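> My sequence and its experimental structure, below.
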Amino acid sequence: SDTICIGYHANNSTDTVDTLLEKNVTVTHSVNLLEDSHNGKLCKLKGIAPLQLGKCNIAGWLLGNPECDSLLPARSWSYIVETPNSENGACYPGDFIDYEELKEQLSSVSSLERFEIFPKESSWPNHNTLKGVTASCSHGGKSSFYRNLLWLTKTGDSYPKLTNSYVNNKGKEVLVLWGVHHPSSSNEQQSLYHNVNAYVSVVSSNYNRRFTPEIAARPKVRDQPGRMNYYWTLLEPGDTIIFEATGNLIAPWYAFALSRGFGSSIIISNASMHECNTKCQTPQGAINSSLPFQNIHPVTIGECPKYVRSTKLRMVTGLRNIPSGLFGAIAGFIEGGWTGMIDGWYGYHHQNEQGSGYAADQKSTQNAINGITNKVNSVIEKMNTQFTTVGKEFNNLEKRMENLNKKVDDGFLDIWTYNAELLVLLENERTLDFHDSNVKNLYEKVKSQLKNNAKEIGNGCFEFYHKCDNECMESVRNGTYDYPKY
Amino acid sequence: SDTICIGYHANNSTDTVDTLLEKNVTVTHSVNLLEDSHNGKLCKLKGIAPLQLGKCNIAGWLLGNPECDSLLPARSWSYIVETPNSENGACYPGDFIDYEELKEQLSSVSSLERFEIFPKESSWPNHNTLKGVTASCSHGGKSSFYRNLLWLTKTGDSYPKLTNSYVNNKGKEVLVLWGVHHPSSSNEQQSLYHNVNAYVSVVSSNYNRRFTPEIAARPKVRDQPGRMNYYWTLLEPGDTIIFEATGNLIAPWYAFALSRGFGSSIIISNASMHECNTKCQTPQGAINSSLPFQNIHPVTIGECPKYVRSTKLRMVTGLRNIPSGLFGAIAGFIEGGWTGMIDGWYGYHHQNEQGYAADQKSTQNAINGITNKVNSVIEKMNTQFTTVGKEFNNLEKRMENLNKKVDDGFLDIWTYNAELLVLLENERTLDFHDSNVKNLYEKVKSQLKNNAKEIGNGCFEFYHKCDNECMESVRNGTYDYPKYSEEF
Amino acid sequence: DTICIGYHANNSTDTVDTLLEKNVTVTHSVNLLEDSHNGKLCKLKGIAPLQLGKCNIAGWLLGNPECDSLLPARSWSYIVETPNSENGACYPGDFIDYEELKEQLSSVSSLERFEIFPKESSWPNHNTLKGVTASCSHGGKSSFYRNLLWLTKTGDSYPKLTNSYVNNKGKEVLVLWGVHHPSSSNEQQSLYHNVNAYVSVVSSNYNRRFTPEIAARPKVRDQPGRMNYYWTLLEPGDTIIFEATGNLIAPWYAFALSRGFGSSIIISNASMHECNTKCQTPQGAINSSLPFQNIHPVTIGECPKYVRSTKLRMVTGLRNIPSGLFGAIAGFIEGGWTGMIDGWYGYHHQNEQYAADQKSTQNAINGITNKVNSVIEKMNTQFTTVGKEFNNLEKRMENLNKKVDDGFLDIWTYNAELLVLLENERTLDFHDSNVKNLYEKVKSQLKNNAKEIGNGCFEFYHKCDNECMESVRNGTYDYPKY
Ligand SMILES: *[C@@H]1O[C@H](CO)[C@@H](O[C@@H]2O[C@H](CO)[C@@H](O)[C@H](O)[C@H]2NC(C)=O)[C@H](O)[C@H]1NC(C)=O
Ligand SMILES: *[C@@H]1O[C@H](CO)[C@@H](O)[C@H](O)[C@H]1NC(C)=O
Ligand SMILES: *[C@@H]1O[C@H](CO)[C@@H](O)[C@H](O)[C@H]1NC(C)=O
Ligand SMILES: *[C@@H]1O[C@H](CO)[C@@H](O)[C@H](O)[C@H]1NC(C)=O
Ligand SMILES: *[C@@H]1O[C@H](CO)[C@@H](O)[C@H](O)[C@H]1NC(C)=O
Ligand SMILES: *[C@@H]1O[C@H](CO)[C@@H](O)[C@H](O)[C@H]1NC(C)=O
Ligand SMILES: *[C@@H]1O[C@H](CO)[C@@H](O)[C@H](O)[C@H]1NC(C)=O
Ligand SMILES: *[C@@H]1O[C@H](CO)[C@@H](O)[C@H](O)[C@H]1NC(C)=O
Ligand SMILES: *[C@@H]1O[C@H](CO)[C@@H](O)[C@H](O)[C@H]1NC(C)=O
Ligand SMILES: *[C@@H]1O[C@H](CO)[C@@H](O)[C@H](O)[C@H]1NC(C)=O
Ligand SMILES: *[C@@H]1O[C@H](CO)[C@@H](O)[C@H](O)[C@H]1NC(C)=O
Ligand SMILES: *[C@@H]1O[C@H](CO)[C@@H](O)[C@H](O)[C@H]1NC(C)=O
């Protein structure tokens, strides 16, 4: 007798997916949604190299610590890289006021131009510009000083009241940095500045601060009992800044005209720079991927997959792999799949006097391929790209804000890890049920064509009561079986 | 010859919904969950108009910038509106310390009583109350000053140490504002206050601050090289505030007894006030809606739909529209729907010698389930109540960016939640109808058994004569099979 | 003469909800929401909390004389303030960065209180004896903090003092001090002689100078003076130098800190008991393995996730129908069998001479067990929540913190409730599908050899004994014999 059987695809795949109902289900086709590979290097971003501070931190760079001269030509960058445990910062000990806020400002700067805000040789005619070096800021085995600040002291035995103004005609914000020095004794105050009770005043149209030396016994920091506090402000285009002092001013020498940009950040990384280009950079390495998720690093620059805690995110696209359910066909009354059917997901096996063969049902297969492809793309589309994450740093009196920031990051990460894993589990179950349903619907369509002209053999097969040649088989496969003829 | 067919509804609906598997599925019935329409106007909230500061900001209002006099009678409001056109704040240049914190405080204030904390004519017998006007704060082309502060100066080249106390007897918090003036020269310091080295002290039971004038050369802001810094504190009921000064005090004259309320806020909007009432206000306009979501504005006042970024949220309630699946019936062996069946979702078409009719039982059970599902989804989407604005000064960029990460993160999640739930439930709803049609076909097929031929297209060809009385029996579920096995 | 396929029923009154239906009575279900606690404060992993009682953190660390019972405190698992702690900074003034100090103590597992500047010998040129006050009274006498020392002039001299402490404790040392602000210049001279005094406090990373601000002030607890309190964490090996010409309320005792994990500060009016717990809330301890709880958002230890839900119940069994998407349950098989006590799906036979289908039932049990376990696994336990407090000039931060907490709580309450509703619908459909598949297997195995009644039963044309009935149940039915 001649027979036609309805069955489904199988292959040599060893891909496994999970559902809520079952773990480690081997499937014929699947897609990985989780990027876990990077190149372990620092790369250019959209063709623009980062700024590598190397042995310096942000403080050492912007103040011009003399160990940081290699950073002086710095113009434009795609992101800024601090290395772990930068050893060159504010060499002369003291407090850098609103330092974290300054770093947050630099996080949106794409370029700056360093310029001589107060030319050293001409700006300070009544004061000494030459004696301001210190062993606290040594370089090349000699006492030195910041490149961007100027330690003014008395000339002869006079420190007259100074007043210096700068008008911002750069057409951009100007970052102005200065310092206030705090001697360790009144005699030192007089030796450096003559005036016993001095002050510094710095005023713009939106900045206004006055500083008084606070002289006291202090522990030595790198053998220095003095202190030098550092301050900064953003001078708006067209605005004027006025410095007034009777002592203790560490005057601006160079300042920075800032250009604002999009998508920059400051990261800490021990990775090395290479001649690579990427659209996505993390502190551990660059990512070249189109997947929706990644488990490499929560800190990203550019356009990156969303970070999740997951170790596996795999969506099934094909069928259970059974090479010899909710709808009962796959792994049900059709107990196994057909490795012999290599051209579709669902199809037919026939056996007549002319021979036998496998043929996939193109219509049901292509409709299932279209649905599953839309499902995967729809899932990916809902997982919007992760753009440059903004670093957040807090000082030792901002622990509450630090913990709040951590709670926010941790909470969002919890939710997206849960969303990603759960959606994949649910959709994997639905995808397997979808295939089971398609096999079931295909079987029932063939059963409705043949009616009493064949007996059901139980395994998805029909044993014809007449002879069914290759032309007759094709009629069943394309759905035009002429029942009255037999 | 006589036939009865099982089928499903179709109509002229052009509504489309999406699923994970398919996009733009035309369906017979659906509900929009996303509000995108507003009236473009500012309205009253629960019958109470907002406070429109107009050309003034909060500082100009509370300090009493003379250009803001129309705001002085202000008593109660439902929300506060700043416009992008704020030209009137602190007319005399200076810093307003903790301004953002003050605005945050005002956001929960439903009414204030402006009152004379230190009557000008009696509080300061030893100082000059008349010389304290300035071109920086003009009104009507004449030099003036804040309506709520008093610029005390020396009288007869003397400025004695002043000490003035006020006991809060209002039974509410009292907001007290004052200023400290910083001359641009010692000559000016002496011309105004005589004393070269003055101070201001302001102390309550929980506030304690001392101010020293800082004289220096400064750039002119609005033709003024001096500065005046503004300060405020909340004086608890029963507490006393004591002002002590030897110069430079811009003294409180009027203060504010504050009443706390719920659901108020401060917004920035250039929309206009109209004679309308709403339960939900945004800066772009008021919303009149019961839908769970809206894409009009993240800033809301009152009881509002949840803001999402989505541009379409549509839940299918009916069936795919097929006018002349997981279970194989709809778009399956029953290849199409019936536009002729206008009274239900699933039913029967007959053709005897003597017509569409809906099956009330299967249709009404599906109606209840779909109605329960949509309501359950909507109930899970809790209403959005008044959002609190967040403003930060130029040394709070980190906190500003944290607030933005918080707002963006929640917005991402709810947009994802809303869109995904609709896609998932749309697919299950379509499959639900497919199951229902399938189950009804099998029920009728189980009633008819061998008394009819199964045509395969959802139709049964009767082997006996089936009149309108026989057809009704099939729909009823009361088909008498043995009675017609003998009528072949 | 008959073989029937059917499903389990029992006397369970449990109800679950789906998106489609409310209050569906089901045969088996599992509560995921913990709502019971013991109403007591307990030990955490064997270690008792620090009960501040009538004192707040300030009164404890300053050594408010009403807080003497707290002086030997060494180690604890968490810290408990009670509502309306009436003993704090007895002498009125500002405690600078108080909330930050509390945040620091939230990760402290133990401290060692020690005499940083021995009273009788550290201040040879100043008076250590006159520093008591009615603001800090104890036992009906004027008194003072136990951890600070109110230095004053000796005779009529208050020379410049300089005192240093080197931190040799191998741990961070918490140092506290105060600055006194008299109400008049005469009081300044009576106490400290010097009219214009200052205090300086400097370590390697702290540097602050303080000037007395003398002014008319309202009396707080009959005291018009003020005393402001300051603190710093002195790193191991670092030195702190105090320098003063008056007004210094000197450190007397300081605290060597040991850092720990999972501690916190809570406010609770519950009482301590001789109980041990892995999860503590301010309302009581929790003894539970459930993923969610609605008792309190503030937790210590390893706790179920807090949600606002009032019911979270997952159906595991079937709809209970005693005497659907796939059409079997509550469909052509109109009801369940209370007689079938050994499985979810099975058969009832009736020959001349109940049994559950073990294979489908056990496959259903494994699937449902995996689904419930997978749900709980995705709901990560809630670890110790870190309290957040803000001063009266930090209202924006307080509201931002509240937006975060409320925002996360909304999302987790939504996620938990929705997942349960969705999976409840899928579980019922799962059982419906299984019964249908079992019915379809029996109908295809016995083929035309039995009458198909319509209630899931088949009427045999032949005699089918206990050996034959087992053939149908075992899937080994020999159709050719009939
Ligand atoms: C589901 O069952 C619960 C419990 O029987 C119902 O809750 C009752 O709701 C009414 C509302 O007016 C209250 O008066 C009762 O006190 C509630 N009972 C309990 C025990 O809380 C609920 O209404 C039912 N829901 C539906 C849709 O039928
Ligand atoms: C798996 O099957 C594919 C397709 O038949 C073949 O190309 C590949 O070599 C096979 N690999 C193994 C390991 O069997
Ligand atoms: C680089 O930094 C990472 C992150 O802290 C760290 O785990 C890793 O050990 C570092 N590598 C080296 C060589 O220090
Ligand atoms: C990423 O990998 C693909 C794989 O072919 C390659 O075409 C592409 O150039 C890669 N991108 C980068 C930036 O190297
Ligand atoms: C369908 O099968 C019949 C039978 O062989 C054949 O004649 C006809 O051309 C087929 N049509 C298509 C579109 O394959
Ligand atoms: C459908 O028909 C009704 C009745 O004529 C009409 O009001 C409605 O606009 C029609 N819809 C479309 C899309 O044509
Ligand atoms: C759906 O229809 C709209 C309008 O006809 C069209 O713009 C859109 O591209 C279609 N497809 C999707 C996926 O929205
Ligand atoms: C304010 O007006 C400008 C242009 O006049 C417009 O672009 C902006 O959207 C308006 N703001 C609001 C909140 O409607
Ligand atoms: C708001 O919508 C309702 C819809 O029922 C409508 O009746 C009402 O006229 C609309 N306007 C107001 C002000 O309620
Ligand atoms: C409910 O039925 C079970 C099954 O036998 C029985 O063990 C239990 O005692 C019954 N409980 C009640 C309250 O009827
Ligand atoms: C604890 O405080 C709550 C606050 O509402 C109160 O309801 C409860 O009675 C208090 N318990 C005790 C034991 O004081
Ligand atoms: C905690 O509950 C379990 C049962 O849920 C019980 O066996 C155990 O004894 C309980 N422990 C305590 C300390 O109450």
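Arrived safely. Numbers count the residues shown, from 1 in each chain, chains lettered A, B, ... in the order given. Ligands and ions are numbered 1, 2, ... in the order given.
> Just give me the longest helix of chain A.
helix A:399-450 (DSSP state H).
> Briefly note if the following helix or strand past that helix comes near chain C.
Beyond helix A:399-450 on the C-terminal side, the first helix or strand identified by DSSP states H and E is strand A:454-456. Yes. Strand A:454-456 comes into contact with chain C (Cβ under 8 Å from any Cβ of the partner chain), by way of residue A:456. C-beta: built from backbone N, CA, C; applies to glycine.
> helices and strands around strand A:454-456, which ones?
Applying 3 or more Cβ pairs under 8 Å, 6 or more residues apart in numbering or on different chains; DSSP states H and E, we find strand A:454-456 packed against strand A:461-464.
> from chain A, which residue is nearest to ligand 8?
residue A:262 (21.0 Å; Cβ to the nearest ligand atom).
> domains in chain A, as residue ranges please.
Listed by curated CATH domains, the domain ranges of chain A are A:1-48+A:272-486, A:49-271.
> Please dump the ones you listed into a markdown table; it should also carry mean neighbour count for every row.
Formatted as a markdown table, these follow (neighbours: other Cβ atoms under 10 Å in any protein chain shown):
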| stretch | mean neighbour count |
| --- | --- |
| domain A:1-48+A:272-486 | 18 |
| domain A:49-271 | 19 |
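> Please identify the residues of the stretch 251-400 of chain A in proximity to ligand 4?
By Cβ under 6 Å from any ligand atom, the residues of the stretch 251-400 of chain A that approach ligand 4 are A:277-278, A:288.
> Keep only those of these that are in strands.
A:277-278 (DSSP state E).
> measure residue A:52 to residue A:296 for me?
21 Å (Cβ to Cβ, to the nearest Å).
> now do residue A:38
Going from residue A:38 to residue A:296 by Cβ to Cβ gives 5 Å.
> Spell out which residues are contacts of both of those two.
Common neighbours of residue A:38 and residue A:296 (criterion: Cβ atoms under 8 Å, 6 or more residues apart in numbering or on different chains): A:282, A:284-285, A:287.
> Taking those residues together, which two end up most distant?
Largest separation among the shared contacts of residue A:38 and residue A:296 by Cβ to Cβ: A:284 and A:287, giving 9.3 Å.
> which residues are common contacts for the two?
Common neighbours of residue A:284 and residue A:287, using Cβ under 8 Å, 6+ apart, are A:38, A:296.
> Identify the residues contacting stretch A:213-222?
A:93, A:136, A:180-186, A:188-189, A:198, A:225-227, A:247-248, C:162, C:200, C:202-204, C:207, C:209, C:238-241, C:243.
> how about the strands in the stretch 51-200 of chain A?
Along the stretch 51-200 of chain A, the segments classed as strands by DSSP state E, counting those that start in this stretch run A:51-52, A:80-82, A:109-116, A:134-139, A:142-144, A:149-151, A:162-167, A:173-182, A:200-203.
> roughly how far out does the shortest one sit from the chain middle?
Strand A:51-52 has its C-alpha centroid displaced from the chain centroid by 18 Å (Cα atoms, centre = their mean, to the nearest Å).
> beta partners of residue A:5?
When bridges are called by DSSP bridges, residue A:5 pairs up with residue A:349, residue A:461.
> need the contact list for residue A:172.
A:237, A:257-259 are the contacts of residue A:172 under Cβ under 8 Å, 6+ apart.
> please redo it, this time with the cut-off set to 10 Å
A:111-113, A:234-237, A:256-260 (Cβ atoms under 10 Å, 6 or more residues apart in numbering or on different chains).
> Tell me which two of the residues you listed sit farthest apart.
A:111 and A:236 (18.2 Å).
> Wait, residue A:140 touches residue A:133, no?
No. Using Cβ atoms under 10 Å, residue A:140 is not in contact with residue A:133, being 11.7 Å away.
> hey, what's in contact with both of these two?
residue A:66.
> Now, the contacts of residue A:172 that are in helices?
Among these, none falls in helices (DSSP H).
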